[PDB]
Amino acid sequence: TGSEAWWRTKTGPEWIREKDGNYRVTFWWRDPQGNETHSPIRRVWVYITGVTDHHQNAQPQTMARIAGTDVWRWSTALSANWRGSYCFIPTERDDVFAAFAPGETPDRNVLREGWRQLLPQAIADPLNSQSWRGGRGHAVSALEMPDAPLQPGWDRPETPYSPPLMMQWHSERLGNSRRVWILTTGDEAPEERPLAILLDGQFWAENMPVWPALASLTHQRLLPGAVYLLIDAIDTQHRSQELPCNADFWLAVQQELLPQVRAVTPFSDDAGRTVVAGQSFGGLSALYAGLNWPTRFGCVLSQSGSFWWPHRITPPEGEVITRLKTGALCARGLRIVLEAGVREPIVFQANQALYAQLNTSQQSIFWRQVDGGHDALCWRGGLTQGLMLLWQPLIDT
């Protein structure tokens, strides 16, 4: 153990199927500065989305080294259907988090604060080649248990016949400029092609490119030839101001953006196959769009929707949840995919309350629970599955 030949057998996290059906998963990190006497490393935090972070109010988990070697280790239990991102934070610092007694639920606010000081130092798993830029400012790695559901398109990525195009969208309504990406996956009946709008376009166009997965599903006849519009959120300041129920954003998209997009490639005016898909504030904004302009956006795809907005500390209460409760807004004729993970309690509970509220006979709602959390590795699969659900009627032809 801890030898050169021993490290050769390690390809990343290892798992063992237990009696109950869950897995004992072990993580390994090789200290490049040697053993105790040589390496000045104090901590090696294991930050797994929805498992060891603030979403589970978990006490900060750090690895421990096997005395005498440069091997750090840490294990945990994970469900069979789970999938999620993770990263390690090897540091010399030991003055960030406070002490925690066994069985003490820490304050979530205190956790995020503590993590905001360490995450910039976070790194992907050097043993795992399935890594990418997380979008939050650090690299991450992918882990999937054997029964994680298939992620349509991402399993058989195929090159798109048409390359993605980029356009600079200058908004008079918003008073700012921004990038938008356009992908088309079919030329037949161009005016019948459904339009699908994806928020946080920068991520789905650069950090985790959605084109190969979309083209693959189209080639398999599991998605119709469509027109995909990815919109850049720009940055945190703008995104936090434009996505959480901001009417100008959607007014601007309809009056300024869609006509420009329509000038380059045709798409259907039928709200019934017009999708607005987003995650987190993007999910909230997509439903908000469908709720306020159902004549233009009839299909909503909300993944981990921030329906706890504006106040996170209070999950069941939400702005969109209040409008539906009184009667100002109503999902009539809308097809809605509402996804949320069990590893994001606040968000999950918020989505349940939202579901109960709008669940009437006058609309088609698809509830999807995910064994995972506030994680783009999971969302990527729900994104493609969600489009299949929202477009199920067309796809059947």
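Counting begins at 1, following the sequence as shown.
- The stretch with the higher mean CA B factor, choosing between 113 to 121 and 72 to 80, is 113 to 121.
- Remark: stretch with higher mean C-alpha B factor among 364 to 372 and 329 to 337 is 329 to 337.
- Reading the B-factor column for the CA atoms of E256, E188, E206, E242 in the entry, the top value corresponds to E188.
- Of the candidates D94, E172, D235, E144, the deposited coordinates give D94 the top C-alpha B factor.
- The deposited CA B-factor of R380 belongs to the lowest third of values across its chain.
- Looking at the C-alpha B-factors along this chain, the one for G278 belongs to the lowest third.
- Sort the chain's modelled residues by C-alpha temperature factor and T26 lands in the middle third, per the entry.
- Compared with the other modelled residues of the chain, the Cα B-factor recorded for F100 ranks in the highest third.
- The deposited CA B-factor of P224 belongs to the lowest third of values across its chain.
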